[PDB]
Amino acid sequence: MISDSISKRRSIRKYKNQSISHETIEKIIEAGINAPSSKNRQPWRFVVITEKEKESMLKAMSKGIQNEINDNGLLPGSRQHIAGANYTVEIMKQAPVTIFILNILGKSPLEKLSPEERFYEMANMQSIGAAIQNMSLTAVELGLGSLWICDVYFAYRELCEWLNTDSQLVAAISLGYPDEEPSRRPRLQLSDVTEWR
């Protein structure tokens, strides 16, 4: 039941220290690949960060966050969220695997966009969310947990340089066997978010 995984899925921030096999990662990515996308453009690209390169990753992250703390960053209206970003770095350090998700069709966050450009971003970004959600749900099916991460935006330039990518950085997802079982997070009810016409 996908309904079962949809209901049971949680953001997991404590993991078992146990390695995840390449094959398990393969299965999760191949669920992402099966997402729908605008014009079947499939704009998602993935960079799997293993133990090999984790420390270097985390250093780039931390440099970006420090740059933000120093007021040389990109999110001056979100200083209250820097503490959360530092917590996410810790979670990424402990998680056995983190996968970066890129948008090969993405334009820089630093550039100003026409309405048409915005619509392409919106379409592609939604599509990538479908992929990452597929990955998340597949992790649940496999007995893993995951955490979807946009705190990487506090080190946007630094991580794009680290990745040496010409693509737009969208997110990371950390994965592993879970070491917590959170109850359902708060949600607005269907009456709060739906208008029937």
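Start at 1 and count along the sequence shown; that's the residue number.
S.K.: Hey, which bit's got the bigger mean C-alpha B factor in the entry, 136-144 or 45-53?
M.R.: The deposited B-factors put 45-53 ahead on the C-alpha mean.
S.K.: Of the two stretches 158-166 and 126-134, which shows the higher Cα B-factor on average in the entry?
M.R.: Looking at the recorded C-alpha B-factors, 158-166 comes out higher on average.
S.K.: Considering only modelled residues of the same chain, in which third does the CA B-factor of residue 86 rank: lowest, middle or highest?
M.R.: It falls in the top third of the chain.
S.K.: Using the B-factors in the PDB entry, rank residue 108's C-alpha atom against the chain and give the third, lowest, middle or highest.
M.R.: Middle third - that is where residue 108 ends up once the chain's C-alpha B-factors are sorted.
S.K.: What third of the chain, by the recorded C-alpha B-factor, contains residue 59?
M.R.: Highest third - that is where residue 59 ends up once the chain's C-alpha B-factors are sorted.
S.K.: Would the CA B-factor of residue 175 place it in the lowest, middle or highest third of its chain?
M.R.: According to the entry, residue 175 has a C-alpha B-factor in the chain's middle third.
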